[PDB]
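Participant: Okay, handing you the structure first.
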Amino acid sequence: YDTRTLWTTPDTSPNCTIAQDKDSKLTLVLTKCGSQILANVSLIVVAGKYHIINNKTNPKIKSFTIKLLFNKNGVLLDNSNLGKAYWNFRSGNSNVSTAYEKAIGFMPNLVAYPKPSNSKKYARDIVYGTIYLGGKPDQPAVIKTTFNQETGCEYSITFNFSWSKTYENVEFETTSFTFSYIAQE
Amino acid sequence: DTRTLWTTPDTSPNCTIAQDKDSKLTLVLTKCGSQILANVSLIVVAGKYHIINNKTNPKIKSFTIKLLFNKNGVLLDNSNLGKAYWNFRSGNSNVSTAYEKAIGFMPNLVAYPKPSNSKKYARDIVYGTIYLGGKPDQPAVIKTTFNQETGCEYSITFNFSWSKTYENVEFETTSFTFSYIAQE
Amino acid sequence: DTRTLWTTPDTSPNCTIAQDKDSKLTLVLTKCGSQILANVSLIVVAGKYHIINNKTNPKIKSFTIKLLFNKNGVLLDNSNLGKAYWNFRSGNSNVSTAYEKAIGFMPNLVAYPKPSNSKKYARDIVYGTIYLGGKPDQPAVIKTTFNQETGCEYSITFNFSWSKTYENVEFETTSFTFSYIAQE
Ligand SMILES: [Zn+2]
Ligand SMILES: [Zn+2]
Ligand SMILES: [Zn+2]
Ligand SMILES: [Zn+2]
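Protein chains in written order, with the UniProt record's numbering: chain A, 181 to 365; chain B, 182 to 365; chain C, 182 to 365.
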């Protein structure tokens, strides 16, 4: 039982719903380094609207969003794009055998990254990165990660993927990106 | 938490770029053994660098925030960052008294030597890009350099610069993560 | 220090790109449980890649540094990095005896499988950019790939490439941090 890592497992079995049921594998590893969470992410789309991008055929298909919504205990909510079944603490290359009840130490800090309010909204709750479709260096897509900006939850981590190039028949499967964020406790 | 040095995560100004307390530098240094994991963002609230207009002022293109440390890793008062809230973490605040030693958080002097007559290698620099107002077409380059200031034993300096001609853009940024080799 | 594998942070050449010991690769791998936090830079000190001039040599645009490991995470001698120079950290140096096991520092084989007839995914790559001589208009792309080499159980490879036509630019770089999923 690895109590310092929450993850999706590193397999390639679809676990995520962007446009249709289980059309993608989000590989996400959150590793607790005390007051910071070290995060590693990639995405493989296997089917549906976002599997093969062709902006000559479909000029308006330019972005999509994957949302992780959490309750007061850091438990993933079922309206998240990521499925609950394989999001858990690590055991080897798999998960602990039972669903976790508490993971507050992995949640994004609410003082650093407040929910929307009357107070001025600051950009520090965002981290940008670039990943590469098919591993090709001339095929960038931007990954925008935002903390605690969704309603209907206590905490949230959202991944927005977008691209500016007019890609023709480019499969949406990405290289990996690492970032960190300030932990709630 | 003897393991995270930070500015606290509030938004109360703690930093002086062009005028007293014109900014909040949010900096979190977390010790992962031989490496420090660092997370940084900046909010400018007043003064010269608060609202950028490069049509009226085309030469306003960069500024520098310096953290200078003594032999014990204690922040020196001529740093741009204020001493009052730079300390080890306790909850969402700081431990109750100022720290005495943080050498384990300092940038490694063999990896990143102080200025001298010797060849200056670029490995003491890490570049990154952050975004003003969270807008993806509003980049600014954050250049971080280790141990290149004089009048101190260690230093971390952040140079912010931009090439776009911004028009009335508020200088408050997204976050960037990097790491560096620890002194011990 | 059983939590960091490194090259030491000195400037002594330890790597062979085009000719014997023509470079210092500074690589620090720090184990943060399930992830390895990695920090890398390169200084080329002699030979073909020391001073880039693409007017004189228009096709000199990339090179690769390979780390090949066996089943125990031990570095194999066909690697570009020399074995004498790679070990667990002790102070600013290395332990005096060669390590026997470092499987916990190897790239995860399920996350990053060896080449096969199965579909090849891009997640075994991480891109970054570093800067020659620390100048922001002198980028070179560092492409890091996990477990794609033959003749080993695990691998980490660094491919450096550039598109600009550099004229008399010394190949010594700023630093880049990334992470990867650990084997155990
Ligand atoms: Zn496909
Ligand atoms: Zn303002
Ligand atoms: Zn105008
Ligand atoms: Zn760590």
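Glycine included, every Cβ here is placed at the ideal spot set by N, Cα and C.
Tell me which residues share the same chain as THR188 of chain B and place their Cβ nearer than 8 Å to its Cβ, disregarding the 5 neighbours each side in the sequence.
Facilitator: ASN195, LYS205, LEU206, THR207, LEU208, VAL209, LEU262, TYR266 and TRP267
Participant: Given this structure, state the Cα-to-Cα distance separating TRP343 of chain B from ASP201 of chain A, to the nearest angstrom.
Facilitator: Distance from the CA atom of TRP343 of chain B to the CA atom of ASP201 of chain A, rounded to whole angstroms, is 43 Å.
Participant: Can you find a heavy atom of ligand 1 that lies under 6 Å from the Cβ of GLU334 of chain B?
Facilitator: no
Participant: Can we count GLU351 of chain A as close to ligand 1, meaning its CB is less than 6 Å from some heavy atom?
Facilitator: For ligand 1, a non-hydrogen atom lies closer than 6 Å to the CB of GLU351 of chain A.
Participant: What are the residues in the segment 265-299 of chain A lying within 7 Å of chain C by C-beta distance?
Facilitator: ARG270 and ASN273
Participant: Using a Cβ cut-off of 7 Å (strictly closer), state whether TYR335 of chain C contacts chain A.
Facilitator: Among the residues facing chain A, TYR335 of chain C is not included, as its CB has no counterpart in that chain under 7 Å away.
Participant: Grouping DSSP H, G and I as helix and E and B as strand, with all else coil, what is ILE241 of chain B?
Facilitator: coil
Participant: What is the DSSP secondary structure of residue 376 of chain A, reduced to helix, strand or coil?
Facilitator: The shown model of chain A, from 181 to 365, leaves out residue 376 of chain A, and the question about it has no answer.
Participant: If we define contact as Cβ-Cβ less than 7 Å, is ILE306 of chain C a contact residue for chain A?
Facilitator: Yes, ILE306 of chain C counts as interfacial toward chain A.
Participant: Mind checking whether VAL307 of chain A and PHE244 of chain A have CB atoms under 7 Å apart?
Facilitator: Going by C-beta atoms, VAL307 of chain A is not nearer than 7 Å to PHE244 of chain A.
Participant: Quick check on the burial criterion: 16 or more other C-beta atoms within 10 angstroms. Buried or exposed for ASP305 of chain B?
Facilitator: buried
Participant: For chain B, find out if any of its Cβ atoms is closer than 7 Å to the Cβ of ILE246 of chain A; answer yes or no.
Facilitator: no
Participant: Closest to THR237 of chain B by CA distance: which of B:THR346, B:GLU351, B:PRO294 and B:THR354 is it?
Facilitator: Ranked by how close their Cα comes to the Cα of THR237 of chain B, the residues B:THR346, B:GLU351, B:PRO294 and B:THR354 have B:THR346 in first place.
Participant: Starting from the Cα of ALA279 of chain A, find the closest Cα among A:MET287, A:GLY254, A:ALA303 and A:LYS301 and give me that residue.
Facilitator: A:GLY254
Participant: Can you check which of these residues, B:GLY332, B:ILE233 and B:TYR361, is closest to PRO320 of chain B by C-alpha distance?
Facilitator: Looking only at B:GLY332, B:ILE233 and B:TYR361, the smallest Cα-Cα distance to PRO320 of chain B is reached by B:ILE233.
Participant: Contact check, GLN364 of chain B vs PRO288 of chain B under 8 Å by CB: the rounded distance?
Facilitator: 7 Å
Participant: Restricting to Cα atoms, I'd like to know which of A:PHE286, A:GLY228 and A:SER222 is closest to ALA199 of chain A.
Facilitator: Residue A:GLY228 is the option with its Cα nearest to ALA199 of chain A.
Participant: In the structure shown, what three-state DSSP assignment does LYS205 of chain B receive?
Facilitator: strand
Participant: Would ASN328 of chain B and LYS295 of chain B qualify as a contact pair, given that the criterion is a beta-carbon distance under 7 Å?
Facilitator: yes
Participant: What residues in the segment 206-225 of chain C bring their beta carbon closer than 7 Å to a beta carbon of chain B?
Facilitator: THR207, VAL209, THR211, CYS213, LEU218, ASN220, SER222 and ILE224
Participant: Is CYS196 of chain C near ligand 4, going by C-beta to nearest heavy atom under 6 Å?
Facilitator: Remark: the shortest separation between the CB of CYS196 of chain C and any heavy atom of ligand 4 does not fall under 6 Å.
Participant: So which residues on chain C does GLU353 of chain A lean against when the C-beta distance must stay under 8 Å?
Facilitator: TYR302, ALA303 and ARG304
Participant: Could you tell me which chain B residues have their CB closer than 7 Å to the CB of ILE362 of chain A, listed as they occur along the chain?
Facilitator: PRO190, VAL209 and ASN220
Participant: Under a Cβ-count criterion, where at least 16 other Cβ atoms within 10 Å of its own Cβ denotes burial, should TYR181 of chain A be classed as buried or exposed?
Facilitator: exposed
Participant: Measuring straight from C-alpha to C-alpha, what distance separates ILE311 of chain A and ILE323 of chain A?
Facilitator: Cα-Cα distance, rounded: 7 Å.
Participant: Just reading off the beta strand (DSSP E) that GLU281 of chain C is part of, what are its end residues?
Facilitator: Neither: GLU281 of chain C is in no beta strand (DSSP E) and is coded neither H nor E.
Participant: Which bits of chain B does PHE339 of chain A rub up against, with CB to CB less than 9 Å?
Facilitator: Contact annotation for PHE339 of chain A against chain B: no contact, minimum CB-CB distance about 14 Å [criterion: below 9 Å].
Participant: Exposed or buried, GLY315 of chain B, counting other C-beta atoms within 10 Å across all chains shown (16 or more means buried)?
Facilitator: buried
Participant: Give me the Cα-Cα distance between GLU351 of chain B and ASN340 of chain B, rounded to the nearest whole angstrom.
Facilitator: 17 Å
Participant: With burial defined as no fewer than 16 other Cβ atoms inside 10 Å of the residue's Cβ, what is the status of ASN251 of chain C: buried or exposed?
Facilitator: exposed
Participant: Looking at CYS213 of chain C and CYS333 of chain A, is the spacing between their C-beta atoms short of 7 Å?
Facilitator: no
Participant: Do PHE357 of chain B and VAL225 of chain B count as a contact pair if the criterion is CB distance below 7 Å?
Facilitator: no
Participant: Between which two residues does the beta strand (DSSP E) carrying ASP182 of chain A extend?
Facilitator: Counting along the chain, the beta strand (DSSP E) containing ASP182 of chain A begins and ends at 182-187.
Participant: Taking C-beta pairs closer than 7 Å, name the residues in chain B that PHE359 of chain A reaches, listed in chain order.
Facilitator: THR358
Participant: Would you check if the distance between the CB atom of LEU248 of chain C and the CB atom of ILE362 of chain C is smaller than 7 Å?
Facilitator: no
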